[PDB]
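Here's the structure, in structure tokens; my notes come after.
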Amino acid sequence: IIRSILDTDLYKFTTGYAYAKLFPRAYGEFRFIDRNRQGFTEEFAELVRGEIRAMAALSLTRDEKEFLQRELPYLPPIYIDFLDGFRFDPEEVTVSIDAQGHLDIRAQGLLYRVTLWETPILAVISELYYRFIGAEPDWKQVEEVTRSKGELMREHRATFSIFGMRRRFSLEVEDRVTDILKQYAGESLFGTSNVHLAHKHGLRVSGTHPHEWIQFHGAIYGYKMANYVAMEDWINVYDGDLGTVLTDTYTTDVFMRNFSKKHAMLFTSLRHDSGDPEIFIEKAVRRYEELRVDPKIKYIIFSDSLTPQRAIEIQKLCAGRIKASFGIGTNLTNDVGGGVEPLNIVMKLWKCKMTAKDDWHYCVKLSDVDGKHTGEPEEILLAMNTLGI
């Protein structure tokens, strides 16, 4: 199923290099979570193991290497050499059906290595799943609705990027959808998170640092300084490039309260990924003004389960206050008609350590939605108490 080593999200490489540079001895364990608790059989698990083993044959091609050098210059030559000689190691991954009959998958090993498993594994599970249940896309609808969406975004000049790899119906569907959008969205299409398809269709790659980056810092450095040190380390790695920051890892209120003038001035944008967008806009604009930073020159990239229409609505809310762009996912890569619905799956960093000899530290995420928290319950409580939540 996975044919290219570049068939993954941009953030996997940018965060991967950040780990390789600053935390080359760190270890991490990623855990697959089917939030719908669907029942899975051992034969499906075996299909997954086969795909995971197949990935060991992937290797960077000469054209892909040249593409990385030309289009992703923020990735230094040393990292390109690493990717050029990189080979997925299947034994870092363990697949099984748990006691409750649920699909369980864990990738454990050096963090800079295992972080690369996330997107490919989720995309593989998603594609394998639809094949398994015999679902097929209604290409007529794919062609039609994608064109309509593209024309709509173009008409409203809604800058957007394609962020739907992890839950795509299939590589084929994401590939064609990207092709259609490129053809009808005009300048509204900023780019795609899928590095492989950006290469194939001549588009810009698009993405931001992920939650795992902040979460790693929270587990190692503690909750009070998590956001701050994560941003300082990101700057050390990219010197100002990739200047977008996620604010809801430990709640946006905590982020804003500790957002320094230096970082507010240096980063060009914030990313909204949970909670009500209108409420997020108010908090952002208010904090920027408190810091005497002009919100009008800043951008907010909205990416919380968006639809083209919802993007247009948020766009109105931002008019005259702060700039806006969008990250649209599953609505584009998994809308094949026939009642087919996207899987509700994720694979998150569950725990980590600074070096082999360090103890394991659980990672948590709070988000801006009350009650919606992820991670070891005991650790979640500690984070809330530590942050005064």
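Residue numbers 3 to 391, in the UniProt record's numbering, belong to the letters of the sequence shown in order. The C-beta atom is built at its ideal place from N, Cα and C for all residues, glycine as well.
Annotation: the continuous alpha helix (DSSP H) that includes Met233 extends over 228-240. The three-state secondary structure of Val338, taken from DSSP, is coil. Annotation: the continuous beta strand (DSSP E) that includes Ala326 extends over 325-330. Taking all protein chains in view, the Cβ of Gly87 is surrounded by fewer than 16 other Cβ atoms within 10 Å, so the residue is classified as exposed.
Nearest in C-alpha terms to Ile80, of all of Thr16, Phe261, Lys285, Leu205, is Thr16. By the C-beta density criterion, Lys353 is buried, having at least 16 other C-beta atoms within 10 angstroms.
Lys202: member of the alpha helix (DSSP H) spanning 197-203, first to last residue.
In this structure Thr194 is in contact with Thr180, their Cβ atoms being roughly 6 angstroms apart against a cut-off of 8 angstroms. Nearest to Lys23 by alpha-carbon distance, out of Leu112, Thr254, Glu153, is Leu112. By the criterion of at least three beta-carbon pairs nearer than 8 angstroms, the stretch 35-44 is in contact with the stretch 341-358.
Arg259 has its alpha-carbon roughly 8 angstroms from the corresponding atom of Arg289. Annotation: the continuous beta strand (DSSP E) that includes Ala109 extends over 105-112. If you look at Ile164, you'll find it in the beta strand (DSSP E) that goes 162-164. In this structure the stretch 331-343 touches the stretch 167-177; the number of beta carbon pairs closer than 8 angstroms is three or more.
Using a Cβ distance threshold of 8 angstroms, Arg115 and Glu94 count as a contacting pair. The DSSP-derived three-state label of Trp352 is strand. For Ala326, the closest alpha carbon among the candidates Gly341, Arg294, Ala358, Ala286 is that of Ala286. Under the DSSP assignment, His274 falls in the beta strand (DSSP E) whose first and last residues are 271-274. Taking 8 angstroms as the upper bound for CB-CB distance, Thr253 and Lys300 are not in contact here, some 20 angstroms apart. Per DSSP, reduced to three states, the secondary structure at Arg115 is helical. Contact between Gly245 and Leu272 does not hold, since their C-beta atoms are separated by about 10 angstroms, which reaches or exceeds 8 angstroms. Contact between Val197 and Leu8 holds, since their C-beta atoms are separated by about 4 angstroms, short of 8 angstroms. Shown here for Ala358: same chain residues with a beta carbon closer than 8 angstroms to its own, the five before and five after excluded, namely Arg27, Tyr29 in chain order. Between the alpha carbons of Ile216 and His274 lies a distance of about 15 angstroms. Across the set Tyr364, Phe192, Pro379, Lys202, the C-alpha of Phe192 shows the shortest separation from the C-alpha of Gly209. C-alpha of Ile82 to C-alpha of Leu293: approximately 39 angstroms in a straight line. The Cβ-Cβ distance between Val207 and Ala20 does not fall below 8 angstroms. CA-to-CA, the gap between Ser307 and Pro212 works out to about 16 angstroms.
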